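What follows is the content of input-v3.pdb (PDB, N, CA and C atoms).
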ATOM      1  N   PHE A   1      18.963  -4.177   8.306
ATOM      2  CA  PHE A   1      17.536  -3.762   8.424
ATOM      3  C   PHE A   1      17.173  -3.589   9.899
ATOM      4  N   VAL A   2      16.247  -2.720  10.178
ATOM      5  CA  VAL A   2      15.826  -2.494  11.588
ATOM      6  C   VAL A   2      14.455  -1.822  11.600
ATOM      7  N   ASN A   3      14.049  -1.320  12.727
ATOM      8  CA  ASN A   3      12.726  -0.644  12.807
ATOM      9  C   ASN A   3      12.736   0.583  11.907
ATOM     10  N   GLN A   4      12.290   0.437  10.692
ATOM     11  CA  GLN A   4      12.279   1.600   9.775
ATOM     12  C   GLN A   4      10.903   1.744   9.120
ATOM     13  N   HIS A   5      10.732   2.793   8.361
ATOM     14  CA  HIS A   5       9.431   3.039   7.679
ATOM     15  C   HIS A   5       9.491   2.427   6.280
ATOM     16  N   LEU A   6       8.786   1.355   6.057
ATOM     17  CA  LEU A   6       8.818   0.707   4.717
ATOM     18  C   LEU A   6       7.472   0.851   4.006
ATOM     19  N   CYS A   7       7.487   1.363   2.806
ATOM     20  CA  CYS A   7       6.219   1.508   2.041
ATOM     21  C   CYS A   7       6.225   0.485   0.915
ATOM     22  N   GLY A   8       5.103   0.291   0.267
ATOM     23  CA  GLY A   8       5.021  -0.700  -0.849
ATOM     24  C   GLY A   8       6.366  -0.821  -1.563
ATOM     25  N   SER A   9       6.996   0.281  -1.865
ATOM     26  CA  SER A   9       8.312   0.219  -2.563
ATOM     27  C   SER A   9       9.325  -0.539  -1.701
ATOM     28  N   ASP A  10       9.746   0.032  -0.605
ATOM     29  CA  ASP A  10      10.727  -0.676   0.254
ATOM     30  C   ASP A  10      10.047  -1.909   0.835
ATOM     31  N   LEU A  11       8.745  -1.975   0.736
ATOM     32  CA  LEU A  11       8.028  -3.165   1.246
ATOM     33  C   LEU A  11       8.396  -4.355   0.387
ATOM     34  N   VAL A  12       8.307  -4.206  -0.907
ATOM     35  CA  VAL A  12       8.649  -5.345  -1.792
ATOM     36  C   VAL A  12      10.119  -5.658  -1.626
ATOM     37  N   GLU A  13      10.904  -4.675  -1.301
ATOM     38  CA  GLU A  13      12.356  -4.921  -1.092
ATOM     39  C   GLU A  13      12.510  -5.742   0.182
ATOM     40  N   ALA A  14      12.054  -5.210   1.278
ATOM     41  CA  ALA A  14      12.128  -5.961   2.563
ATOM     42  C   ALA A  14      11.493  -7.323   2.335
ATOM     43  N   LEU A  15      10.333  -7.326   1.751
ATOM     44  CA  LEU A  15       9.646  -8.605   1.456
ATOM     45  C   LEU A  15      10.502  -9.390   0.474
ATOM     46  N   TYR A  16      11.049  -8.700  -0.478
ATOM     47  CA  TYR A  16      11.931  -9.341  -1.489
ATOM     48  C   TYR A  16      13.131  -9.927  -0.755
ATOM     49  N   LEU A  17      13.380  -9.417   0.413
ATOM     50  CA  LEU A  17      14.503  -9.902   1.243
ATOM     51  C   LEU A  17      14.021 -11.096   2.057
ATOM     52  N   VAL A  18      13.053 -10.854   2.883
ATOM     53  CA  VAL A  18      12.491 -11.941   3.740
ATOM     54  C   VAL A  18      12.058 -13.115   2.877
ATOM     55  N   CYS A  19      11.593 -12.847   1.698
ATOM     56  CA  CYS A  19      11.144 -13.959   0.823
ATOM     57  C   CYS A  19      12.337 -14.504   0.045
ATOM     58  N   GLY A  20      12.892 -13.700  -0.807
ATOM     59  CA  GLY A  20      14.065 -14.148  -1.607
ATOM     60  C   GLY A  20      13.635 -15.240  -2.588
ATOM     61  N   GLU A  21      13.355 -16.417  -2.097
ATOM     62  CA  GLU A  21      12.933 -17.521  -3.005
ATOM     63  C   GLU A  21      11.658 -18.176  -2.468
ATOM     64  N   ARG A  22      11.168 -17.723  -1.347
ATOM     65  CA  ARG A  22       9.928 -18.328  -0.781
ATOM     66  C   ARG A  22       8.723 -17.898  -1.618
ATOM     67  N   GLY A  23       8.901 -16.936  -2.480
ATOM     68  CA  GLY A  23       7.765 -16.472  -3.322
ATOM     69  C   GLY A  23       6.826 -15.609  -2.477
ATOM     70  N   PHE A  24       6.964 -14.316  -2.558
ATOM     71  CA  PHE A  24       6.078 -13.424  -1.759
ATOM     72  C   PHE A  24       4.882 -13.005  -2.613
ATOM     73  N   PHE A  25       4.044 -12.169  -2.074
ATOM     74  CA  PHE A  25       2.876 -11.688  -2.847
ATOM     75  C   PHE A  25       2.323 -10.437  -2.185
ATOM     76  N   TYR A  26       1.385  -9.807  -2.816
ATOM     77  CA  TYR A  26       0.771  -8.605  -2.215
ATOM     78  C   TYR A  26      -0.674  -8.964  -1.866
ATOM     79  N   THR A  27      -1.048  -8.832  -0.630
ATOM     80  CA  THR A  27      -2.436  -9.212  -0.235
ATOM     81  C   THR A  27      -3.430  -8.133  -0.646
ATOM     82  N   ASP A  28      -4.690  -8.474  -0.614
ATOM     83  CA  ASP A  28      -5.763  -7.509  -0.996
ATOM     84  C   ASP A  28      -5.277  -6.602  -2.127
ATOM     85  N   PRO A  29      -4.986  -7.206  -3.241
ATOM     86  CA  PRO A  29      -4.506  -6.484  -4.428
ATOM     87  C   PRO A  29      -5.686  -5.850  -5.175
ATOM     88  N   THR A  30      -6.276  -4.808  -4.645
ATOM     89  CA  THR A  30      -7.435  -4.191  -5.351
ATOM     90  C   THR A  30      -7.462  -2.677  -5.142
ATOM     91  N   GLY A  31      -7.909  -2.245  -4.001
ATOM     92  CA  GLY A  31      -8.001  -0.779  -3.734
ATOM     93  C   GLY A  31      -6.661  -0.231  -3.243
ATOM     94  N   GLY A  32      -6.603   1.050  -2.981
ATOM     95  CA  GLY A  32      -5.337   1.664  -2.496
ATOM     96  C   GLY A  32      -5.098   1.247  -1.045
ATOM     97  N   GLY A  33      -3.865   1.006  -0.685
ATOM     98  CA  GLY A  33      -3.565   0.579   0.709
ATOM     99  C   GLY A  33      -4.606  -0.446   1.175
ATOM    100  N   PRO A  34      -4.805  -1.468   0.377
ATOM    101  CA  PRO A  34      -5.771  -2.535   0.693
ATOM    102  C   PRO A  34      -5.161  -3.447   1.746
ATOM    103  N   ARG A  35      -3.896  -3.701   1.608
ATOM    104  CA  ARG A  35      -3.176  -4.536   2.599
ATOM    105  C   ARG A  35      -2.483  -3.577   3.548
ATOM    106  N   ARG A  36      -3.121  -2.468   3.787
ATOM    107  CA  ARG A  36      -2.549  -1.432   4.675
ATOM    108  C   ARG A  36      -1.914  -2.053   5.917
ATOM    109  N   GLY A  37      -2.284  -3.246   6.295
ATOM    110  CA  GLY A  37      -1.626  -3.863   7.483
ATOM    111  C   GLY A  37      -0.130  -3.635   7.309
ATOM    112  N   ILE A  38       0.337  -3.868   6.116
ATOM    113  CA  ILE A  38       1.763  -3.623   5.800
ATOM    114  C   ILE A  38       1.895  -2.217   5.224
ATOM    115  N   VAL A  39       1.218  -2.005   4.135
ATOM    116  CA  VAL A  39       1.259  -0.698   3.421
ATOM    117  C   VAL A  39       0.982   0.470   4.365
ATOM    118  N   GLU A  40       0.135   0.293   5.328
ATOM    119  CA  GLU A  40      -0.150   1.425   6.252
ATOM    120  C   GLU A  40       0.781   1.353   7.448
ATOM    121  N   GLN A  41       1.330   0.205   7.697
ATOM    122  CA  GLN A  41       2.233   0.060   8.859
ATOM    123  C   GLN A  41       3.651   0.455   8.465
ATOM    124  N   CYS A  42       4.407  -0.466   7.954
ATOM    125  CA  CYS A  42       5.803  -0.152   7.544
ATOM    126  C   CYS A  42       5.851   1.232   6.897
ATOM    127  N   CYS A  43       4.884   1.558   6.082
ATOM    128  CA  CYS A  43       4.903   2.890   5.418
ATOM    129  C   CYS A  43       4.666   4.013   6.434
ATOM    130  N   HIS A  44       3.609   3.936   7.194
ATOM    131  CA  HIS A  44       3.330   5.017   8.184
ATOM    132  C   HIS A  44       4.092   4.748   9.482
ATOM    133  N   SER A  45       4.026   3.548   9.981
ATOM    134  CA  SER A  45       4.757   3.222  11.237
ATOM    135  C   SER A  45       6.052   2.477  10.880
ATOM    136  N   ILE A  46       6.270   1.308  11.427
ATOM    137  CA  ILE A  46       7.513   0.557  11.095
ATOM    138  C   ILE A  46       7.294  -0.926  11.383
ATOM    139  N   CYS A  47       8.135  -1.764  10.844
ATOM    140  CA  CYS A  47       7.983  -3.229  11.094
ATOM    141  C   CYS A  47       9.315  -3.934  10.831
ATOM    142  N   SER A  48       9.420  -5.180  11.211
ATOM    143  CA  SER A  48      10.690  -5.926  10.987
ATOM    144  C   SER A  48      10.423  -7.123  10.091
ATOM    145  N   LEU A  49      11.462  -7.663   9.549
ATOM    146  CA  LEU A  49      11.330  -8.844   8.662
ATOM    147  C   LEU A  49      10.341  -9.817   9.256
ATOM    148  N   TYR A  50      10.296  -9.895  10.540
ATOM    149  CA  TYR A  50       9.343 -10.838  11.168
ATOM    150  C   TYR A  50       7.944 -10.479  10.669
ATOM    151  N   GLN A  51       7.691  -9.214  10.514
ATOM    152  CA  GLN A  51       6.371  -8.767   9.990
ATOM    153  C   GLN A  51       6.282  -9.163   8.518
ATOM    154  N   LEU A  52       7.189  -8.664   7.725
ATOM    155  CA  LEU A  52       7.188  -9.009   6.274
ATOM    156  C   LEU A  52       7.400 -10.513   6.126
ATOM    157  N   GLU A  53       7.867 -11.145   7.162
ATOM    158  CA  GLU A  53       8.091 -12.610   7.107
ATOM    159  C   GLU A  53       6.726 -13.286   7.017
ATOM    160  N   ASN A  54       5.716 -12.606   7.482
ATOM    161  CA  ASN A  54       4.336 -13.157   7.433
ATOM    162  C   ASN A  54       3.674 -12.717   6.129
ATOM    163  N   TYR A  55       4.131 -11.633   5.586
ATOM    164  CA  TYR A  55       3.519 -11.101   4.345
ATOM    165  C   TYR A  55       4.076 -11.868   3.142
ATOM    166  N   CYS A  56       4.882 -12.865   3.393
ATOM    167  CA  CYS A  56       5.470 -13.664   2.283
ATOM    168  C   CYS A  56       4.472 -14.733   1.834
ATOM    169  N   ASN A  57       4.928 -15.710   1.091
ATOM    170  CA  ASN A  57       4.014 -16.790   0.616
ATOM    171  C   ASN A  57       3.042 -17.176   1.734
TER
END
Render the structure in this file as structure tokens.
Amino acid sequence: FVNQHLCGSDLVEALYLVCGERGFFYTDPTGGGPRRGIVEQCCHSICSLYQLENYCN
């Protein structure tokens, strides 16, 4: 993994990676791109596990 573009799809994967068993979740689960911090970042820009490492439990 490296600086790549991750969207909700690859987001849950990367998150599914960084979390594995820590139990991850999706923040602001309501409107579209509600947790855009991730959904708008990794998807539009890029981030590292360290980022998704915070989006975990």
- Task: Please evaluate the PyMOL selection byres ((chain A and resi 5-10) around 6) against the displayed coordinates and give the resulting residues as a ChimeraX atom specification.
- Result: /A:3-4,11-15,39,41-47
Which centre and edge lengths in Å to one decimal define the box along x, y and z that fits every listed atom of range 30-43 of chain A plus 4 Å per side, as JSON?
{"center_x": -1.1, "center_y": -0.4, "center_z": 1.8, "size_x": 21.9, "size_y": 16.8, "size_z": 22.2}
- Query: Separation of CA of residue 22 in chain A and CA of residue 48 in chain A, in Å?
  - Reply: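 Going from CA of residue 22 in chain A over to CA of residue 48 in chain A, I get 17.1 Å.
The gap separating atom N of residue 49 in chain A from CA of residue 35 in chain A is 16.5 Å, in Å to one decimal.
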- Those of chain A in DSSP alpha helix (DSSP H), formatted as a list in words: residues 8, 9, 10, 11, 12, 13, 14, 15, 16, 17, 18, 19, 36, 37, 38, 39, 41, 42, 43, 44, 49, 50, 51 and 52 of chain A
- Message: As an exercise, work out the distance from CA of residue 57 in chain A to atom N of residue 24 in chain A in Å and give it to one decimal place.
- Response: 5.0 Å
